[PDB]
Every structure is written in C-alpha cells, then in structure tokens.
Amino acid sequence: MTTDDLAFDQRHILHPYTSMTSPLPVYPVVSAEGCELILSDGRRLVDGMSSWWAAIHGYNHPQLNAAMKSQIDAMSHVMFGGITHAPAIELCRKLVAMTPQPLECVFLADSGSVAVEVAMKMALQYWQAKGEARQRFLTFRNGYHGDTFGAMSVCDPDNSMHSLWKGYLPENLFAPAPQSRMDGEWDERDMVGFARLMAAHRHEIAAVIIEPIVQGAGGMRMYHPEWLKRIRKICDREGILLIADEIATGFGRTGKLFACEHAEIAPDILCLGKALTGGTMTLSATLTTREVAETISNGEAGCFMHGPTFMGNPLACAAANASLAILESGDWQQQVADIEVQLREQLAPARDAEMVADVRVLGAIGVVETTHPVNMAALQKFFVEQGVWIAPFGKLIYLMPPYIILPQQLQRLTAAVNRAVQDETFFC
C-alpha cells in the first residue's frame, strides 16, 4: 500500500461519521490474524474493538474460514425467492433453537439497520392487520438502532441530531434513559417517566423498542435488568409488542447468550446482527412469533412486504452457522466471565485518574467514561503507538475484544487505556 493510495482514500472515499473536507487520519490494514490487526508497515496491533463488536472469534479463524471456502465452492449466493438452501435452513434452525420459545419465525436480512426496519415494519403491519390505529414507537433516550430513516426515528434525538430531519422523521415517544445500574440497586422512581408516556399513549403505540441492558452507541450505558421485566409486563398488559434490539448485545457479549436472559424475558421481535457472522461479513436476522407472522400474512397485504435482494445469502449464512457452532461448545461463557473479572480488576485504577468520570464493565465490555471529550487524531495515534487498536468516541474509551483474547493481550489494552487517561493531553 502506497501513500498515493492513502491520498485517494482521503480525497475520494467516505468513512463512517467523519468529515470529508476536514478528515482525520486512517490506518492502512493489510491483514489480520487471531486478535491482531496488521498495518501496511508491518506494525501489529491488539484489537480491542472486534471491529465494532462483530469479530467475537477474532480474525482469520480456521473454522469460519473453512466454512466460508466450502460454501463458495457450492455457491456463494442464489436468490431466496422461491428457493431455499442448506445454509439458510441450518442457520434458522440454530437461531430458533437458541432463542426463547415464542421466537420461531426468522427473517434474514443484510444489515442491522435493515433488521430494525424489518422489526418496525412487522409491528406496523401487525396492527394494520388487526385494524388498530397504532403507528407510534416508544423507545428509551440514549438508544441507537441504526442509520436508515426508520431506525433513525427511534434513535436518541440529541445523540443523532434529529434537528437535521426535523419534519421528515416521524416523532416517536422517548422515555428517559434507564438510570438504575446493572451494577447497583433498583429504584422504582426510575419507572415514572416510562409509565407516564405509556399511560398517555397506550392506544397509539405499536411497539416498545429497546437495547436490552446495554445501550451501546448512545453511551455504552449498562442498566438494571428489572427494567426489562417491567417493560415486558407493561407490554403484556397493554397488548403492545416488545422489540429487543440485540444487534450489539447478541451472542455472549454481556456474559449471557442474549442480554434478554439477564431478565429472563422474551421480546415479541428480536433483531440480531454484528456478531452473527463472527465479524466476517454483514448479515442480520429478525425473529418474531407465530402470532405476529401469521397475523401479518392473514391481513390485506397477504404477506410481510419485505425482501432484500440478497436475503439468505448462502455464504454469509455458512459463516454464521460456523460462528454459532463455535458458541455451541459453551467455551465463550468462561472466556467472557474471565474477561469481565480482568476488565474490572485492571480498569479500576482508572477511577482515580483526574480525567475519568466512570468505569463500568459487563461481560466482555469494559468502559471508561471521561469528563471531557477525546481528541480523536491524537488519542488514536497514541493507541497505535502502544501496539493496540482502540476506537474511542466522545467521552468514551471502551473495550469490546474478541472472546479468545489472551490475558496478556487484554492486559495490554487495559494498560493503554489507563495510561491514556492519566492527563489531559489527549482530551478536547
């Protein structure tokens, strides 16, 4: 990789949420292996991010690799209209089996945002079919559900700058962000906001949508499981659908197979993505109940009106099947538990740094919230120099590493974060 390449990237290639006129450096990656990324210049970095949650088995994994190659030899893709195939059936078998009982109807899609759009459309078509006028969504503040219009409409209005689409995006209902902590005590006073909204709008709410336990992109918040119990009961009582968006929490990340398990509840609709394929390629799934799938099909439309071109892509399905096969071994449980203990122990010291607001950990997620925002270019460079890849945002320096990360490798990530927060150099 040459510098002319880098210049082409800078002037012609957009990257996620970053300016084009005023870019910030980017690092060339040539390959990746185990828990390491490899830059063009030969520098090896311990990945603390799993490429944004997804790469839970790390990189160049032999089982994922083998699964993908063998599928390519059968067929990379065939359309799913009027056709079915083994990778899709196997995957749906696994997804149905590993999730709560009521969740038994699978809609495969390409991306997490699309999975959410699917969930939202199911909710909408569901009520239309029952002849009830329900078009509104009730969601938590500090939530994040994707970047497409529908998903944007249920993301934190401040966190996502809704003043940009003010007038274009429907106005949903935003209850306060859960205050009670996964770590601490429950407080009944936390429920009043949501109760008020639900009481004042029960008749127009199609669905409640939330990220179970962890609100990821909107603040890496970790809230008390009683919230989900409560929400599930309120939805049951009112006859309203519950959508759990586990695109981030799914597949072991919080120490349980799905974060819903922390409350022992089942949503009516479940959105999955990111780690689904083990971070090899994009795939998503939206699962729902029989009651929802059948109601939709028996109404005016006569079907659920969605179908991405690449729905059920065999290759992505093979990768997912292989990712899930690793998880079937149950090994992830102790791997995540050990990562939890190690994050708690090693991030603790950060609590005494001047720049640190909070330190929270759940499963293989460890977060250091800062008092001031990070200086991106600056902190990212520091992290690279330490031989680690960490992608901080706002006031959040966090770790979500692969489950197979070696205690030594994790020790490196933790040392770098501690060292990053010891003065204001990398802040503002």
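Note that residue numbering begins at 1 and tracks the sequence as displayed.
Engineer: Hey, which bit's got the bigger mean C-alpha B factor in the entry, 22-30 or 56-64?
Structural biologist: Higher mean C-alpha B-factor: 22-30.
Engineer: Please work out which of 329-337 and 314-322 has the higher mean CA B-factor as recorded in the PDB entry.
Structural biologist: Mean B over CA atoms: larger for 329-337.
Engineer: Highest Cα temperature factor in the entry, among the options 246, 132, 110, 104: which one is it?
Structural biologist: The record points to 132.
Engineer: Which listed residue, 114, 272, 192, 259, has the largest C-alpha temperature factor in the record?
Structural biologist: So the option with the highest C-alpha B-factor is 192.
Engineer: What third of the chain, by the recorded C-alpha B-factor, contains residue 254?
Structural biologist: Lowest third, going by the recorded CA B-factors of the chain.
Engineer: Which third of the chain does residue 382 land in by C-alpha B-factor: lowest, middle or highest?
Structural biologist: Its C-alpha B-factor belongs to the highest third of this chain's values.
Engineer: When the deposited Cα B-factors of this chain's modelled residues are ordered and cut into thirds, is residue 40 in the lowest, the middle or the highest one?
Structural biologist: Its C-alpha B-factor, which the entry lists for residue 40, ranks in the highest third among residues of this chain.
Engineer: For residue 159, does the deposited CA B-factor place it in the lowest, middle or highest third of the chain?
Structural biologist: Tercile = highest for this residue's CA B-factor.
Engineer: Quick check for you: using the entry's CA B-factors within this chain, is residue 180 in the lowest, middle or highest third?
Structural biologist: It belongs to the highest third of the chain when residues are ordered by C-alpha B-factor.
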